[PDB]
Amino acid sequence: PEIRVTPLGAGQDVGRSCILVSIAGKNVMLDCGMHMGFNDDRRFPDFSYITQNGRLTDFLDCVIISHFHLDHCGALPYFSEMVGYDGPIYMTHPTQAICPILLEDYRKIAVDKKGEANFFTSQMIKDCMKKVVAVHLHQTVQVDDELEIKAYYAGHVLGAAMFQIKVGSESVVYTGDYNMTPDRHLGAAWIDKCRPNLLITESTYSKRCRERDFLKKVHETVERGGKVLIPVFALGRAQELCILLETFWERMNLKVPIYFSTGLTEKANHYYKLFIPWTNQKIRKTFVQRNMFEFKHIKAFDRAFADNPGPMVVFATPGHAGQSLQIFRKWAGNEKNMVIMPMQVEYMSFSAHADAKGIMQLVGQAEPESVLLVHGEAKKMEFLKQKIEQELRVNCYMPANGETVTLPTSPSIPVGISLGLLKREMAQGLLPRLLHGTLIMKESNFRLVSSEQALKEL
Amino acid sequence: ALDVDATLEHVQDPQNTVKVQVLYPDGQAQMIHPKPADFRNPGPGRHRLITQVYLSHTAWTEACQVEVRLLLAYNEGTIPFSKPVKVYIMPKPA
Amino acid sequence: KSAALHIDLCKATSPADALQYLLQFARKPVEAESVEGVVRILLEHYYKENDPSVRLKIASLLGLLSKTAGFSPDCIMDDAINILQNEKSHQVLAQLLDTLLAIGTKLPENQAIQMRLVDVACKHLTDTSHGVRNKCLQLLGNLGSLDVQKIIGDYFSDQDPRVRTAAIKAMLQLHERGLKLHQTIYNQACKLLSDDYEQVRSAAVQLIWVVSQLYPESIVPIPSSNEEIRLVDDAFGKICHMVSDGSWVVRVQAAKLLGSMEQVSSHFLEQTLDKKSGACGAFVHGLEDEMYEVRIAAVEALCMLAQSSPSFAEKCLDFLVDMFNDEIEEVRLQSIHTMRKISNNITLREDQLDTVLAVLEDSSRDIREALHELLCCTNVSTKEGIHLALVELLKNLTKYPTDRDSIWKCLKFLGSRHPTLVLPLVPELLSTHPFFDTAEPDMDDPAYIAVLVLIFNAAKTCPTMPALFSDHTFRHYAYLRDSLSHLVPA
Amino acid sequence: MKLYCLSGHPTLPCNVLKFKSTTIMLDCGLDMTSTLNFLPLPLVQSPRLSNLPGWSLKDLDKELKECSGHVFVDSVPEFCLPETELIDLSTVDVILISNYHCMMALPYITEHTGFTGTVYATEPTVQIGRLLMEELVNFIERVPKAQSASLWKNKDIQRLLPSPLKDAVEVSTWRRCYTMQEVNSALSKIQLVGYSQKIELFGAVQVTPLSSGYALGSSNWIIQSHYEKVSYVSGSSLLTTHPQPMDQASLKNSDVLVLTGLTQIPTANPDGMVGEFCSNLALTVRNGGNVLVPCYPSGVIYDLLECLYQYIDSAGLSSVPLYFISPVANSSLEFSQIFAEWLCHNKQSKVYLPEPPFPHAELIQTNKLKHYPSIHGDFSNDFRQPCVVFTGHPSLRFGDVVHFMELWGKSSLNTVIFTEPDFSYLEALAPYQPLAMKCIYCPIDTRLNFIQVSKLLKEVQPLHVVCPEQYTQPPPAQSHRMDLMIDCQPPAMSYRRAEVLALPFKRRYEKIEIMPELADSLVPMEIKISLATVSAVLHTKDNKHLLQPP
Ligand SMILES: [Zn+2]
Ligand SMILES: [Zn+2]
């Protein structure tokens, strides 16, 4: 009658999301990500806690991947095809499209350039994706005879999902990454009144004004004849910038071009085009008029039209690295050299995750009886734990990496009630009337009938 | 398809009285009943009629004409209502 | 053909084809004396049939025949309550209560039959079925005793959410019919505002708004504090918390009801647009919601509350400026319209002004026209801002020449209401050299009329300096007075 | 418990399930076969249909026009609604919708009947039926005829009418086509759901949509209330179709299985009919004729466009243009492209690659298939004489198919090919009947036939089976084949229109939850099994019961 949770990954840190939940005798891992910034073989989570030279298929009944960010999904090919796991890997449909191409990109980064000796190949990336079972929104999939999981729209990236892990009467809701404010291409996070036993949520932390200022800067720089070189590093930020730009260019109706580069942002554009139901309300509603991800102004950059003169908008492949530094050096000391990091330099930052008030709202609206914090900074987690334990009067927890946290729960016994006794109790008392009956505690089932039904069926 | 824009002035019930007549150069005089959904009423005694009437005939050796006319119908016959307007039509062979 | 109905029902079959014959009969109108005859025949045939579906169809057909125009239903109520006396099927009982509700609604004047029907409803409210309780609550709401408020308040706490919604809608119908409600209703609806069902929450927030409008100045204590809060302020806080609901129609309902609470104190009004009790950040959350209907409803709530409170409009101003650039065109139309509505006396500073003038460049003609009427109704200091407005209007005229009449209306309203500020700008607009004889500008050039419409409307209310005009400007004044007399004044 | 039957159509049902304390409507089906009795609505006033001779009754000549011995009503085509007066539709709480074909007439229930409940359907059924409703309203309202004819719907006169008009049932309940604002108001109150999603209705029953395999988004429903389950099996396919395969495992151990939407004309292999369609199309366009395919904008048209895509390169018909004229044609193609998550594992493996899931999308970029909103706009400038046109309504009473048949019926080289089994082929051709066109009837119904449903019922083993009366009898076209009926170990339960079925599958044992405070206070006395005497106060909230210690 206990729920034991052990984050082997993030804990009181950012990156390498990996949380183990042992609810009601069934063990579920909640993400499997890699820690960027480490190169000393601490990228992948320490799976020696679960098994030391043992089979992970027996130990783990389910593996959940929240979204395609590498700190939540980057360690998946290693965990499957090197340590050994041939069980169900549950994942969202847009996540299952983006995850191979971001894993291959980091495989291209780590194997070619920056120190990967113990790593995964492309063949075992495909092998790991072959074990992935895709789930839809709000679909209750039965991994076991009694363990079921259900995905909720998280709105962090395309196909980011909040997972509720329910077995018996006990449920655990894990929210990998989410944002309670809608973006220009994504909706907001939504959860019903589940009232789970535990809410494992991220804890790491205006928008219209910032977007208007960025658009005004871009418009003022492009109306002066200069060219902007705004870079993008994440796929969600790139798609949001492209859709916000495209609706601005269509609204102002000026025809000077906007371009995006690389062979990966094009793949992201195609996958975002193929996953319209996982987008914002405007993109779904105005899809019948036109596909908003089929850009009529943002076109493919053949070296940014061979870096031709004139005012134009260019998207750089990284956020440094190649395919951006050549543009940065070729446009330094120009008329309008506006480069906006997340030789005029502007600073326009777009938040992809939720802030403190969004986490407060999610805890209030899901209404759990306990909250657990991962995926953030320790000081911010302490402040948010104080806010949780003060404003909503509900227990909060501070687990580090490898630090187990156990929670006592009170299961409710499912008992059948004979319909005659139930209708009799509906009859008298509706006008604190007691219900006196006999509990026939048979094998593997429970019946609670009247004394007459007890004696006639004794 | 032919789009019309009628400025109906002081029509009591344009929903069930105003009818569009298209008259081909031959004897065909097809009479079109507009739906009440596009009898716009921008003012008291003022009405706007925006229908996309549909025209078809077989091949012509030359673009002749077609005669578009509004009609008023009453409970048994119809009378001319608007100015006769000629539109050029050229059915080319397939 | 009432005897034909009698023969066909009692002669062909009992169980199944009688239902078909009743269904066929239900589709034709009956004259009032024949209504009385067929009502007597069907009520005689009610006791014969033991099939519940046939009796349900009988009850539905009685309810349909009671709604006929020329038939006075006062003579059939006693047999109706007699067949409710010994009816055991719950669906047939619910249909019979529907029939009785039709009887009561058709005869509003007779108080005795209304008291009899609400007595029947109070008798049958203890039924185990939710449908019977729902119909009895509807009966109490439609007739009442305008005791009934206490009973419906007791049934706010029923186990079935449908009965809870029926009770709230019944007492809302009681208020709408004219009955004045109590105050314990506020506590019960506040308890019910946190219901797990969407319809219960929507009905409860409607009831909270109604009881706030009935007793706005009532004083209620905080449950967790010694301080006392006005009732309208507390209900405003509750509806502001309901603005952050998980259901979007509940959010739309909460915003729409929040717009009608004009008696709220100013303190909570500055609270509801802040970003740092439960009313804090309600409109900030509502203006950035994913559903555009919620954003529209929050825009009209902002409009109503800023029309009520003049100090609220300054806080509404920058949020409307930020939300001019909105992804839905209807939302930005509504934002521009409400900005025009609440621009009665507040002045625009530089960044709000040139954000408006930046969104003037948009390709949509509808929001350009709406923003044109906003510029007609705007008040602005710092005459360089007026020069900036003129420059942006002139380049809009160059980019879109079809809007010349609207732009001329804008410049007429800008000159007529900012007269002293245009006055130092006149030598910069008319190219008046201090000593050189200037060439006569080309008339019928829409930029030049636009300048002159601004200048002449400024000169109407200020006769301080009309001598800054040259001779050809006076000739053009005569030409515009002859041609554009609805814009240029005398 | 009880089951009200508001529709007599097998593949267009409207069943109201009065189950415990919640009333569920299972689908709503607009019978468009009633429109066959009416004279077709053309885009232009055709000379042949206008001066058809009237039909006289010696007792109406302006109302009835006779074409080739068959009498047709000269009014707007009216639609046979589900019967909305047996049960008060303000008492129903939830409408569960399976197909977009079974979502028609939803504006009739949700607006005219005082229905204040909620509607559940999947994303693709709602979107595609929105498109189909849009083109239906457009087709009725392009060239508006009046509802002039009313005297023929009389009990004294319809007896005297000939057989196609006399056999029409519930004629007084027929209604004009709903308008677009009724469509918008009906579709505004639909709560969107996904496959295998639990929906709790007032804490009493639990409904989930299960994938059926017929159409993309099409779903079967199971209604669970504690220890009893009702399975609703609407139009489902066991063949290798584009949508997700049929979920047969979740239908198991159900007390009653309501099944509808079986195959019309079951004695037809759909693959053989696809082969016949492609062969006849190739034969016609090789002779210089024209192929007209009256079809819905979505559904079987995707399958036959896939097969025609695989066939044109083999047959060398790349020079033959394929025209798809529909007001919702572009929206249908785009909607088919983006609903990849609702397709089978073969189709949704294609979108893991940067590739469209349906192969008909490649026909646009190769310009083999051109789609237009209407005939008039730019199709009249891009029209080549030997061509294939997928257009119009398959009922042949409205849409662009009427104009195309009036254009092409005077030539024997042109052909019309019928792929939809919904409408009677002879009654569809009847108002056009003096035509030299060759008519090919190859229906591609991919729903469950009778051997498939026998295997399904042997696999599932429901305790009781509820089916329409037409499934117990042999089809009247055959009337002798004993294999063309539903046979089970219990002899089913048949229903007709406006019939109320009483299901004696109601049981005891409603589930309860006991808190651990009471669980410790109950001593497990040994009986051999165990016995315990409990005294508790019963707490009920949202139709869920709890036991509390006093
Ligand atoms: Zn993350
Ligand atoms: Zn993330």
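Residue 1 is the first one shown; counting continues down the chain.
Using N, Cα and C of the backbone, Cβ positions are placed for all residues, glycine too.
Record features, source Swiss-Prot:
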type	residues	note
ACT_SITE	A:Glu202	active site
BINDING	A:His67, A:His69, A:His156, A:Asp177	Zn(2+) 1 binding site
BINDING	A:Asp71, A:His72, A:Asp177, A:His375	Zn(2+) 2 binding site
BINDING	A:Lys423	1D-myo-inositol hexakisphosphate binding site
CROSSLNK	A:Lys423	SUMO cross-link
MOTIF	A:67-72	motif 'HXHXDH motif'
Checklist outcome for this item: Filtering the binding-site residues A:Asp71, A:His156, A:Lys423 for a C-beta under 8 angstroms from chain C leaves A:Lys423
Item to check | Tertiary neighbours of A:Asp71 (Zn(2+) 2 binding site) (same chain, Cβ under 8 Å, six or more apart) | outcome: A:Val14, A:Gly15, A:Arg16, A:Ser17, A:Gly33, A:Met34, A:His35, A:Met36
Checklist outcome for this item: Spacing of the two Cα atoms, A:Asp177 (Zn(2+) 1 binding site) and A:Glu202 (active site), in whole angstrom, works out to 6
Checklist entry - Looking at the recorded positions A:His67, A:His156, A:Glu202, A:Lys423, which ones sit with their CA no more than 10 Å from the CA of A:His375 (Zn(2+) 2 binding site)? => result A:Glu202
Next on the checklist: Suppose we draw a 10 Å sphere around the Cβ of A:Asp177 (Zn(2+) 1 binding site). How many other Cβ atoms does it contain, all chains included?
Outcome noted: 26
Item to check | Candidate with sparsest Cβ neighbourhood (10 Å radius) among A:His69, A:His72, A:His375, the listed binding-site residues | outcome: A:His69
Next on the checklist: Counting across all protein chains present, how many other Cβ atoms fall within 10 Å of the Cβ of A:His156 (Zn(2+) 1 binding site)?
Outcome noted: 26
Checklist entry - Should we count any of the binding-site residues A:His69, A:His156, A:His375 as near ligand 2, judged by a CB under 6 A from one of its atoms, and which? => result A:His69, A:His156
Next on the checklist: Which secondary structure state does DSSP assign to A:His72 (Zn(2+) 2 binding site), in the simple three-class scheme?
Outcome noted: helix
Next on the checklist: Comparing the binding-site residues A:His67, A:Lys423, which residue's C-beta has the most other C-beta atoms within 10 angstroms in this structure?
Outcome noted: A:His67
Next on the checklist: With the Cβ atom as the reference point and anything under 6 Å counting, tell me which of the binding-site residues (A:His72, A:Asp177, A:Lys423) are near ligand 1.
Outcome noted: A:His72, A:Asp177
Item to check | Cβ neighbours of A:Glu202 (active site) where a neighbour is any other Cβ within 10 Å | outcome: 27
Checklist entry - Distance between A:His69 (Zn(2+) 1 binding site) and A:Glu202 (active site) at the Cα atoms, whole Å? => result 14
Item to check | Assigned conformation of the residue listed as 'active site' - DSSP reduced to three states | outcome: strand
Checklist entry - What's the CA to CA span in angstrom from A:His72 (Zn(2+) 2 binding site) over to the residue listed as 'active site'? => result 12
